[PDB]
């Protein structure tokens, strides 16, 4: 093997061979492993070793070359070292994997002693590849944060059962860019399509043994590879995905990738050995004093995102998806791990690396500001470049409309972009990603049809999933029921949807919530790739869809919601009025009836009756007319006193 160069990261062909690079601070020797047409394996030590980077060059190596790594080093259970050359490892920067990660006993690295059985026969291989994709004139929409509306969707579930999409592309990357979806997305009014993880992932062994699979995809095995199962053309999925991205960009729609950098599919010490564990367990992961893993993600392991080599690796990965795939931003799963040096720091290595990266600092950065370990709760403590998922808005809103036990003041707070949380530093209202629901938990519809979760299909006897849903089945457990039950919850769904799309901040709507999508009571469908999870369009509600689309287009017309500036007492952006159209007093905010009016930019008014009985609300001065979707366009009815439904609302304009 030639000496090659200590960069770039991974394997890159240059016309006369391939240059292989691999990081490892504790490896004693690295063997590039190549395979011929007879499956026979050929091994070569990597000549190069600059710093902590091992490198080499294979002259005449052509794209399509299957390879893997074999790393020698200390096998010290107590010190957190797990080097086991008996197991073929994957290049952590591999851009394409060949093979499936099906459960197998040969994969385990070993407990106190390294398992000596060779795993080459059933271990997916990496594939040298070249990218000649022509981007033509694709440019980033760069949509203002003040006019952003995110739509969380699952690549397969979004179009798998869509009647208007050609059967052979449903559930694939190709579908995302088909005229049917692009048109729908545009007419609905969303600006950013956020996809559940698309970095090649595997199904954990525990899932495969239960006859299930990993549906969401929060279990990455190759962070630089595009998940092939969602591709129409697997051996060339990336081209397919980028074609869909061109289309979406042409229609002015952005693409945001949900991504996990906090853990790998290697899970805990009982999980399969794929890469990191055998390349440099000590460096890649957060190890405790006894050599075992720090389980701060609750997934088995936690990448040490503060380690310089890991920061390089991570930031290089994020850069790859932007430069090669042209995504418009990221949504970080269990983001707190990114700031976790031992403790969470807003100035942690990854954050400063992201902020100083000319490319990454230019895209949209969204975080789930926390992890499950003590000190991992970082709501409102992320760098000013990041926006944050506002889970407190999720629960607050649910409690306000479904439980009637939330102070009128707390709700007004959540509606005003949760200032008490983001109103610091140079952060704007848009840092608050408001959501009523998301992939985890109940769909919007199930929040009004179920009091309890029904996760028995997940195989854990309903022990899994959150127990704090703040839901209200309105009378009977389950979908359907009397016309009354149907109308009573339609009022709540309209109210929750309005709260979401009209609140100050960045709205994120969950795909399927516009049309009554249900998961039938399952509130943790992470392992369900079937109906109950896939969007059922043939059964979708056209009425609620239009109701939702009108809301989103109304928003774009309200200055107080699109300017993205904090509202100041009396500046005109908003006024809070009671049931008599009077400024709420001190008492009223504390224990007054849950009824108020929110007039924005003094031309739009939202009337709220969050009590259990129909009431009358006297509107402010002027001639107010209900507007779509609460009334028809060009509505001539002037409302002086609003007859408000129980736990409902209506919007007016003057």
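Numbering follows the first chain given and starts at 1.
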query: Stretch exceeding the other in mean C-alpha B-factor - 629-637, 9-17; finding: 9-17
query: Of 411-419 and 496-504, the stretch whose C-alpha atoms average the higher B-factor in the entry; finding: 411-419
query: Top residue by Cα temperature factor, when 206, 102, 454, 517 are compared in the entry; finding: 102
query: Residue, from 119, 262, 443, 548, that the PDB entry assigns the highest Cα B-factor; finding: 119
query: Lowest, middle or highest third - CA B-factor, residue 389; finding: middle
query: Residue 598 - Cα temperature factor, lowest/middle/highest third of chain; finding: middle
query: Chain third (lowest, middle, highest) by recorded CA B-factor, residue given as residue 328; finding: lowest
query: Ranked C-alpha temperature factor of residue 173 among modelled chain residues, by third; finding: middle
query: Third assignment of residue 250 from its chain's C-alpha B-factors; finding: middle
